Amino acid sequence: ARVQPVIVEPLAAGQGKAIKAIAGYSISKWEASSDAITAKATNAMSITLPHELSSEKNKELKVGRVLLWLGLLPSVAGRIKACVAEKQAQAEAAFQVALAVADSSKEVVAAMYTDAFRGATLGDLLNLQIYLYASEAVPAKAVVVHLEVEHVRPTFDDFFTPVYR
Amino acid sequence: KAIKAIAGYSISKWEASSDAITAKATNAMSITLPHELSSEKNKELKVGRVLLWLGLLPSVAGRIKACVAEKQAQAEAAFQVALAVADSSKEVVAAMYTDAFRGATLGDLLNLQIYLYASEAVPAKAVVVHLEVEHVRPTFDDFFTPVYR
Amino acid sequence: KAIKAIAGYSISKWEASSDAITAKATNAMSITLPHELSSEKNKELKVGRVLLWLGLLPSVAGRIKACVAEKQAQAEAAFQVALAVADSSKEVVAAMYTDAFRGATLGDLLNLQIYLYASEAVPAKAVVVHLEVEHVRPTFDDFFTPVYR
Amino acid sequence: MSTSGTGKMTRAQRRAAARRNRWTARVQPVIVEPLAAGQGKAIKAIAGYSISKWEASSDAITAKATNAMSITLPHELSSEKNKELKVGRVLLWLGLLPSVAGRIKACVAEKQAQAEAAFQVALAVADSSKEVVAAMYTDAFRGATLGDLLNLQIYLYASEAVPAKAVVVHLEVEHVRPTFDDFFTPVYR
Amino acid sequence: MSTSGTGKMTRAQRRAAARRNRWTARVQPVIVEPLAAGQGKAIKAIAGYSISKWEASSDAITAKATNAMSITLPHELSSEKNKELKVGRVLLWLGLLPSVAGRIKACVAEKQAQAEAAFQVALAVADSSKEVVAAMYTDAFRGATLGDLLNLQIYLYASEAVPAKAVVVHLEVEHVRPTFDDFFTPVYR
Ligand SMILES: [Mg+2]
Ligand SMILES: [Mg+2]
Ligand SMILES: [Mg+2]
């Protein structure tokens with residue numbers, strides 16, 4: 001097996017890494033803006049689900065792959081880790097058991113919850129939480145977390161509603 | 001007895017809370033476009049037929065109306081050029097702007113307010129209004145974002 | 001000139017008697033679901049398009065309306081987000097929730113009341129309201145129960 | 001002619017004869033994709049093999065000391081019929097609090113006489129300093145009374161003394177799938 | 001026999017029968033070549049698409065603050081006929097002085113209300129700490145009034161306050177090629 005004279009090509013921020021979505025399963029995302037966090041402590045917000053898909057019609061949907069990355073000001077105070085688990089009794093307890101976790105010391109500050117939630121009611125999420133810890137204390141809105149999720153298309157974008165009932 | 005959208009066309013809707021108003025007078029409000037589509041990218045998308053209707057408290061004043069037209073210099077005059085209008089006196093409290101805007105920059109509308117008149121003065125968040133708008137679905141719709149940022 | 005249901009879809013209807021109410025105010029009522037389908041079994045069934053209409057004494061107060069939405073925090077505000085509404089002033093005293101709920105746990109609705117407003121205060125059992133709802137027909141429908149209990 | 005050897009007007013060209021020169025084989029370029037958290041890989045178990053996992057809460061560890069804990073299984077597989085069951089490759093990893101004091105490691109070997117000595121001999125070792133906080137006991141323990149394991153503790157060391165329940169640790173273990181999973185129970189008892 | 005299994009005199013040999021053992025697939029060796037400055041890659045534009053580039057000199061930036069600058073195009077493409085032109089994938093990178101105070105980053109998003117907020121949302125981000133001081137807005141802005149862009153500033157942050165013209169920044173942008181490039185002008189005016 002003769003060696004392969006290869007060459008790692010340089011990757012520049014935001015390059016490649018295209019992430020195809022699955023069939024029928026449409027992906028929709030958004031974000032919750034951080035609330036001030038103390039030093040080393042870890043807050044948690046119930047799922048900031050968007051009203052767009054609050055209808056019991058679509059709220060009673062299912063999911064699959066679910067991303068989670070974050071945007072922090074350039075003036076990022078040290079480092080922070082983030083994740084999500086089942087309405088964790090103990091706050092920090094979440095980090096002791098999530099499949100993924102975005103970190104600020106990682107080239108790619110994001111977490112991929114690969115199938116770990118596959119087949120769960122779109123509503124089933126609100127009884128979930130997002131946990132974020134910080135090295136040194138810090139303000140709110142100081143960071144934004146991006147819940148990037150995929151699931152399915154319902155029966156509405158499809159059309160408008162009742163002209164004359 | 002239902003309704004349908006178009007080919008490769010999404011119908012993005014949402015509402016905007018009313019700001020209290022005076023009686024007989026008619027206010028206006030530039031469009032509270034949804035961030036998700038505020039990207040010059042899709043902000044420069046094509047629209048289709050679109051409609052506006054309005055949910056309002058039951059306990060509400062005299063029958064009033066509302067429409068939408070180009071950034072109208074005269075708030076009241078916007079109702080003389082309005083293509084369709086959501087009347088309260090009518091059994092249909094909504095207006096259908098079919099082919100009226102069919103084919104326009106999703107960011108066009110911005111330079112175009114919405115007009116509302118009232119018989120009796122009335123409170124804020126006293127009534128909402130929804131905008132079911134046809135527009136071509138964009139790209140990302142079905143695929144994640146590069147983790148590499 | 002009639003109407004039709006859907007494939008393998010049943011339309012279960014029934015009414016709920018009104019509890020007297022005050023004028024201008026609007027009450028609410030979680031859903032009086034039919035026992036026959038209160039079984040978590042079918043209680044976790046799929047719904048279709050659904051409508052509400054209302055029979056009421058002839059001799060009744062000022063024209064009033066009514067709708068239905070998620071367990072609304074604000075009784076009155078439920079009418080701003082209502083998908084369709086049964087108005088008395090209209091020639092059609094009913095609301096069509098076509099594809100509005102199409103596809104939802106038959107037990108979902110439970111966590112979702114119904115709203116009614118009135119011009120003049122009014123008696124109890126003073127008016128009923130029927131709910132014609134599309135939902136997939138379940139199983140047992142056509143076969144007895146094991147005598148062996 | 002060769003590369004973009006398309007110009008205008010005439011222009012001859014000649015080379016030279018020798019014993020070649022360039023390398024024998026030729027190049028291939030690539031692009032290492034940037035992977036995010038959890039994208040990794042949770043290799044599927046094998047034939048008729050189940051992967052039973054579960055965690056055990058930590059014990060207040062001290063300065064540079066290292067504790068141990070006879071690991072015990074859950075009631076299900078705690079059947080004499082299943083106790084004498086066989087195991088496959090198995091791994092341990094650990095979830096812990098974000099705010100961590102120093103870096104630390106952990107492994108597993110036969111009910112060690114010396115607790116620290118474990119780290120001098122275990123096949124793999126879940127290191128915190130490493131990107132992969134886990135150890136793979138592939139074939140390391142393949143084949144063994146699904147009870148054998150009991151007598152055989154797990155070892156954990158810490159640079160900075162630390163609290164209990166300060167961290168858990170999961171054990172994804174390959175073992176032959178039982179039979180309960182399927183069929184119900186004899187109505188006639 | 002197998003590897004160098006060529007010796008002298010007799011010497012029998014036997015093995016054993018079981019369920020194999022070694023991994024299923026086999027190995028491949030490689031050699032990452034060391035690349036120098038600029039060897040990288042300047043991917044060519046696409047079909048009927050031009051890549052117009054140019055830079056903008058910096059503004060005296062402060063402590064940890066981050067400025068912004070409505071970016072404007074050059075007179076050529078500044079035609080109403082070309083203004084309503086479409087764009088493709090586009091990137092920004094930056095050339096700066098060698099003697100640099102601290103490390104810093106920069107991006108671009110719709111005329112942000114909050115200047116710092118930009119970094120919480122942009123698709124890519126030219127980071128100094130990174131080996132690649134640039135961001136790729138592939139399809140990120142594909143399709144858009146070659147004027148739209150105007151209303152949409154660019155953001156830059158610095159760890160250590162700093163002078164103006166302290167650094168430039170180029171913007172290689174894909175956009176449909178115009179028609180001027182070719183034909184001359186109507187002699188008859
Ligand atoms: Mg009339
Ligand atoms: Mg034995
Ligand atoms: Mg334009």
# chains A, B, ... in the order shown; residues from 1 in each chain; ligands from 1
>>> residues_around(residues="segment 77-94 of chain A", least_positions_apart="5", cutoff="9 Å", atoms="only C-alpha atoms", output="ChimeraX atom specification")
/A:40-44,46,68-70,99-105,109-111,113,125-138,145 /D:95-99,167
>>> closest_atom_pairs(of="chain B", to="ligand 1", cutoff="9 Å", atoms="only C-alpha atoms and all ligand atoms", output="JSON lines")
{"residue": "B:89", "atom": "CA", "partner": "ligand 1", "partner_atom_place_in_ligand_line": "1 (Mg)", "distance": 7.7}
{"residue": "B:90", "atom": "CA", "partner": "ligand 1", "partner_atom_place_in_ligand_line": "1 (Mg)", "distance": 7.6}
{"residue": "B:91", "atom": "CA", "partner": "ligand 1", "partner_atom_place_in_ligand_line": "1 (Mg)", "distance": 8.3}
>>> atom_distance(atom1="atom CA of residue 18 of chain B", atom2="atom CA of residue 28 of chain C")
24.2 Å
>>> residues_near_ligand(ligand="ligand 2", cutoff="12 Å", atoms="only C-alpha atoms and all ligand atoms", output="VMD selection string")
chain D and resid 80 to 86 143 to 149
>>> interface_residues(of="chain E", to="chain D", cutoff="12 Å", atoms="only C-alpha atoms", output="NGL selection string")
:E and (21-23 or 30-35 or 40-41)
>>> select_by_dssp(residues="segment 45-162 of chain D", states="helix (DSSP H, G or I)", output="JSON, numbers by chain")
{"D": [80, 81, 82, 83, 116, 117, 118, 119, 120, 148, 149, 150]}
>>> select_by_dssp(residues="segment 33-117 of chain C", states="strand (DSSP E)", output="PyMOL selection string")
chain C and resi 47-53+65-68+86-87+94-97+114-117
>>> write_last_selection(atoms="N, CA, C and O atoms", output="PDB file, in the first residue's frame")
ATOM      1  N   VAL C  47     -56.904  14.294  14.243  1.00  0.00           N
ATOM      2  CA  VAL C  47     -58.090  15.078  13.898  1.00  0.00           C
ATOM      3  C   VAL C  47     -57.971  15.654  12.491  1.00  0.00           C
ATOM      4  O   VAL C  47     -56.895  15.623  11.890  1.00  0.00           O
ATOM      5  N   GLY C  48     -59.087  16.162  11.972  1.00  0.00           N
ATOM      6  CA  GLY C  48     -59.096  16.770  10.653  1.00  0.00           C
ATOM      7  C   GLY C  48     -59.620  18.191  10.758  1.00  0.00           C
ATOM      8  O   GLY C  48     -59.404  18.885  11.760  1.00  0.00           O
ATOM      9  N   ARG C  49     -60.299  18.649   9.717  1.00  0.00           N
ATOM     10  CA  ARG C  49     -60.863  19.984   9.767  1.00  0.00           C
ATOM     11  C   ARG C  49     -62.082  19.884  10.689  1.00  0.00           C
ATOM     12  O   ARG C  49     -62.806  18.873  10.692  1.00  0.00           O
ATOM     13  N   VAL C  50     -62.321  20.935  11.461  1.00  0.00           N
ATOM     14  CA  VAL C  50     -63.423  20.912  12.404  1.00  0.00           C
ATOM     15  C   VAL C  50     -64.158  22.232  12.526  1.00  0.00           C
ATOM     16  O   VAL C  50     -63.561  23.303  12.419  1.00  0.00           O
ATOM     17  N   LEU C  51     -65.457  22.141  12.786  1.00  0.00           N
ATOM     18  CA  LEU C  51     -66.284  23.330  12.907  1.00  0.00           C
ATOM     19  C   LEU C  51     -67.183  23.364  14.141  1.00  0.00           C
ATOM     20  O   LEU C  51     -67.584  22.326  14.680  1.00  0.00           O
ATOM     21  N   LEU C  52     -67.496  24.588  14.561  1.00  0.00           N
ATOM     22  CA  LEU C  52     -68.352  24.855  15.708  1.00  0.00           C
ATOM     23  C   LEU C  52     -69.458  25.807  15.277  1.00  0.00           C
ATOM     24  O   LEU C  52     -69.214  26.796  14.568  1.00  0.00           O
ATOM     25  N   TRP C  53     -70.671  25.509  15.714  1.00  0.00           N
ATOM     26  CA  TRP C  53     -71.806  26.353  15.408  1.00  0.00           C
ATOM     27  C   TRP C  53     -72.634  26.328  16.673  1.00  0.00           C
ATOM     28  O   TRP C  53     -72.324  25.564  17.594  1.00  0.00           O
ATOM     29  N   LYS C  65     -70.670  36.783  19.644  1.00  0.00           N
ATOM     30  CA  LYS C  65     -69.828  35.881  18.876  1.00  0.00           C
ATOM     31  C   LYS C  65     -69.126  34.819  19.738  1.00  0.00           C
ATOM     32  O   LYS C  65     -69.332  34.772  20.959  1.00  0.00           O
ATOM     33  N   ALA C  66     -68.332  33.954  19.092  1.00  0.00           N
ATOM     34  CA  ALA C  66     -67.604  32.869  19.771  1.00  0.00           C
ATOM     35  C   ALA C  66     -66.612  32.088  18.880  1.00  0.00           C
ATOM     36  O   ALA C  66     -66.870  31.830  17.698  1.00  0.00           O
ATOM     37  N   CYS C  67     -65.499  31.671  19.480  1.00  0.00           N
ATOM     38  CA  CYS C  67     -64.444  30.946  18.768  1.00  0.00           C
ATOM     39  C   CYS C  67     -63.747  29.901  19.642  1.00  0.00           C
ATOM     40  O   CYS C  67     -64.312  29.412  20.619  1.00  0.00           O
ATOM     41  N   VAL C  68     -62.497  29.598  19.289  1.00  0.00           N
ATOM     42  CA  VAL C  68     -61.690  28.618  20.020  1.00  0.00           C
ATOM     43  C   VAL C  68     -60.196  28.703  19.693  1.00  0.00           C
ATOM     44  O   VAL C  68     -59.804  28.755  18.513  1.00  0.00           O
ATOM     45  N   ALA C  86     -67.695  32.175  15.061  1.00  0.00           N
ATOM     46  CA  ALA C  86     -69.128  32.085  14.896  1.00  0.00           C
ATOM     47  C   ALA C  86     -69.750  33.413  15.321  1.00  0.00           C
ATOM     48  O   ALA C  86     -69.861  33.715  16.507  1.00  0.00           O
ATOM     49  N   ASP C  87     -70.157  34.212  14.349  1.00  0.00           N
ATOM     50  CA  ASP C  87     -70.768  35.492  14.660  1.00  0.00           C
ATOM     51  C   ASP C  87     -72.280  35.371  14.522  1.00  0.00           C
ATOM     52  O   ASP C  87     -72.779  34.594  13.701  1.00  0.00           O
ATOM     53  N   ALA C  94     -71.344  30.330  12.673  1.00  0.00           N
ATOM     54  CA  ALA C  94     -70.413  29.230  12.855  1.00  0.00           C
ATOM     55  C   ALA C  94     -69.049  29.593  12.318  1.00  0.00           C
ATOM     56  O   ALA C  94     -68.887  30.583  11.600  1.00  0.00           O
ATOM     57  N   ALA C  95     -68.068  28.777  12.684  1.00  0.00           N
ATOM     58  CA  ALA C  95     -66.688  28.974  12.267  1.00  0.00           C
ATOM     59  C   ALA C  95     -66.090  27.659  11.749  1.00  0.00           C
ATOM     60  O   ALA C  95     -66.275  26.600  12.359  1.00  0.00           O
ATOM     61  N   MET C  96     -65.366  27.739  10.631  1.00  0.00           N
ATOM     62  CA  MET C  96     -64.741  26.567  10.020  1.00  0.00           C
ATOM     63  C   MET C  96     -63.241  26.503  10.293  1.00  0.00           C
ATOM     64  O   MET C  96     -62.466  27.341   9.816  1.00  0.00           O
ATOM     65  N   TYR C  97     -62.833  25.500  11.060  1.00  0.00           N
ATOM     66  CA  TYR C  97     -61.432  25.344  11.383  1.00  0.00           C
ATOM     67  C   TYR C  97     -60.814  24.242  10.517  1.00  0.00           C
ATOM     68  O   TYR C  97     -60.300  23.216  10.999  1.00  0.00           O
ATOM     69  N   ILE C 114     -62.812  27.076  24.778  1.00  0.00           N
ATOM     70  CA  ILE C 114     -63.651  27.701  23.770  1.00  0.00           C
ATOM     71  C   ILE C 114     -64.126  29.015  24.344  1.00  0.00           C
ATOM     72  O   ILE C 114     -64.515  29.072  25.511  1.00  0.00           O
ATOM     73  N   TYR C 115     -64.129  30.059  23.525  1.00  0.00           N
ATOM     74  CA  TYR C 115     -64.519  31.378  24.002  1.00  0.00           C
ATOM     75  C   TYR C 115     -65.826  31.919  23.433  1.00  0.00           C
ATOM     76  O   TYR C 115     -66.119  31.743  22.249  1.00  0.00           O
ATOM     77  N   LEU C 116     -66.605  32.578  24.296  1.00  0.00           N
ATOM     78  CA  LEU C 116     -67.904  33.157  23.932  1.00  0.00           C
ATOM     79  C   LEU C 116     -68.125  34.540  24.566  1.00  0.00           C
ATOM     80  O   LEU C 116     -67.932  34.725  25.770  1.00  0.00           O
ATOM     81  N   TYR C 117     -68.526  35.512  23.756  1.00  0.00           N
ATOM     82  CA  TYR C 117     -68.762  36.857  24.266  1.00  0.00           C
ATOM     83  C   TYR C 117     -70.224  37.209  24.057  1.00  0.00           C
ATOM     84  O   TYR C 117     -70.877  36.637  23.186  1.00  0.00           O
TER      85      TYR C 117
END
>>> residues_around(residues="residue 49 of chain A", least_positions_apart="4", cutoff="9 Å", atoms="only C-alpha atoms", output="number ranges by chain")
A: 30-32, 53-54, 122-123, 125-126
>>> interface_residues(of="chain C", to="chain A", cutoff="7 Å", atoms="only C-alpha atoms", output="list in words")
residues 95, 96, 99, 101, 102, 103, 104 and 108 of chain C
>>> interface_residues(of="chain E", to="chain A", cutoff="9 Å", atoms="only C-alpha atoms", output="PyMOL selection string")
chain E and resi 27-35+40-41+64-66+104-106+116-127+130-138+156-159
>>> decode(residues="segment 90-114 of chain C", atoms="N, CA, C and O atoms", output="CSV table (one decimal), in the first residue's frame")
chain,number,residue,atom,x,y,z
C,90,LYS,N,-73.6,37.7,11.6
C,90,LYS,CA,-73.4,37.1,10.3
C,90,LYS,C,-74.5,36.2,10.0
C,90,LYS,O,-75.3,35.9,10.8
C,91,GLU,N,-74.7,35.9,8.7
C,91,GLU,CA,-75.8,35.0,8.3
C,91,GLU,C,-75.4,33.5,8.6
C,91,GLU,O,-76.2,32.6,8.6
C,92,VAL,N,-74.1,33.4,8.8
C,92,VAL,CA,-73.5,32.1,9.2
C,92,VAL,C,-73.0,32.1,10.6
C,92,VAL,O,-71.9,32.7,10.9
C,93,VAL,N,-73.8,31.6,11.5
C,93,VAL,CA,-73.4,31.5,12.9
C,93,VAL,C,-72.6,30.3,13.2
C,93,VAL,O,-73.0,29.4,13.9
C,94,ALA,N,-71.3,30.3,12.7
C,94,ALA,CA,-70.4,29.2,12.9
C,94,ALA,C,-69.0,29.6,12.3
C,94,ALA,O,-68.9,30.6,11.6
C,95,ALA,N,-68.1,28.8,12.7
C,95,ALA,CA,-66.7,29.0,12.3
C,95,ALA,C,-66.1,27.7,11.7
C,95,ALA,O,-66.3,26.6,12.4
C,96,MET,N,-65.4,27.7,10.6
C,96,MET,CA,-64.7,26.6,10.0
C,96,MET,C,-63.2,26.5,10.3
C,96,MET,O,-62.5,27.3,9.8
C,97,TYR,N,-62.8,25.5,11.1
C,97,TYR,CA,-61.4,25.3,11.4
C,97,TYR,C,-60.8,24.2,10.5
C,97,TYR,O,-60.3,23.2,11.0
C,98,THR,N,-60.9,24.5,9.2
C,98,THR,CA,-60.4,23.6,8.2
C,98,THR,C,-58.9,23.7,8.3
C,98,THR,O,-58.3,24.8,8.4
C,99,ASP,N,-58.2,22.6,8.1
C,99,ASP,CA,-56.7,22.5,8.2
C,99,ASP,C,-56.1,23.4,9.3
C,99,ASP,O,-54.9,23.5,9.3
C,100,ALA,N,-56.9,23.9,10.1
C,100,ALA,CA,-56.4,24.8,11.2
C,100,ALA,C,-55.9,23.9,12.3
C,100,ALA,O,-54.9,24.2,13.0
C,101,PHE,N,-56.5,22.7,12.4
C,101,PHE,CA,-56.1,21.7,13.4
C,101,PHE,C,-55.9,20.4,12.7
C,101,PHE,O,-55.4,19.5,13.4
C,102,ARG,N,-56.2,20.4,11.4
C,102,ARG,CA,-56.0,19.2,10.6
C,102,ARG,C,-54.6,18.6,11.1
C,102,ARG,O,-53.6,19.2,11.0
C,103,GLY,N,-54.7,17.4,11.7
C,103,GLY,CA,-53.6,16.7,12.2
C,103,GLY,C,-53.2,17.0,13.6
C,103,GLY,O,-52.1,17.5,13.9
C,104,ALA,N,-54.0,16.6,14.6
C,104,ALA,CA,-53.6,16.8,16.0
C,104,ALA,C,-54.3,15.8,16.9
C,104,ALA,O,-55.3,15.3,16.6
C,105,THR,N,-53.6,15.5,18.0
C,105,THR,CA,-54.0,14.6,19.0
C,105,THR,C,-55.5,14.9,19.4
C,105,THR,O,-55.8,16.0,19.7
C,106,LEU,N,-56.3,13.8,19.3
C,106,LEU,CA,-57.7,14.0,19.6
C,106,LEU,C,-57.8,14.4,21.1
C,106,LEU,O,-58.8,15.0,21.5
C,107,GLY,N,-56.7,14.2,21.8
C,107,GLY,CA,-56.7,14.6,23.2
C,107,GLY,C,-55.9,15.9,23.4
C,107,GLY,O,-55.8,16.4,24.5
C,108,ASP,N,-55.5,16.5,22.3
C,108,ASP,CA,-54.8,17.8,22.3
C,108,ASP,C,-55.7,18.8,22.8
C,108,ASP,O,-55.6,19.4,23.8
C,109,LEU,N,-56.7,19.1,21.9
C,109,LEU,CA,-57.8,20.1,22.1
C,109,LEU,C,-58.1,20.3,23.6
C,109,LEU,O,-58.3,21.4,24.0
C,110,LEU,N,-58.1,19.2,24.4
C,110,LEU,CA,-58.5,19.3,25.8
C,110,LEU,C,-57.8,20.5,26.4
C,110,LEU,O,-58.4,21.3,27.1
C,111,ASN,N,-56.5,20.6,26.2
C,111,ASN,CA,-55.7,21.8,26.7
C,111,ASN,C,-56.0,22.9,25.7
C,111,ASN,O,-55.1,23.3,25.0
C,112,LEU,N,-57.2,23.3,25.6
C,112,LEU,CA,-57.6,24.3,24.7
C,112,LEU,C,-59.1,24.5,24.9
C,112,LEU,O,-60.0,23.7,24.5
C,113,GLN,N,-59.5,25.7,25.5
C,113,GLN,CA,-60.9,26.1,25.7
C,113,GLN,C,-61.6,26.7,24.5
C,113,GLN,O,-61.0,26.8,23.4
C,114,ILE,N,-62.8,27.1,24.8
C,114,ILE,CA,-63.7,27.7,23.8
C,114,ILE,C,-64.1,29.0,24.3
C,114,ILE,O,-64.5,29.1,25.5
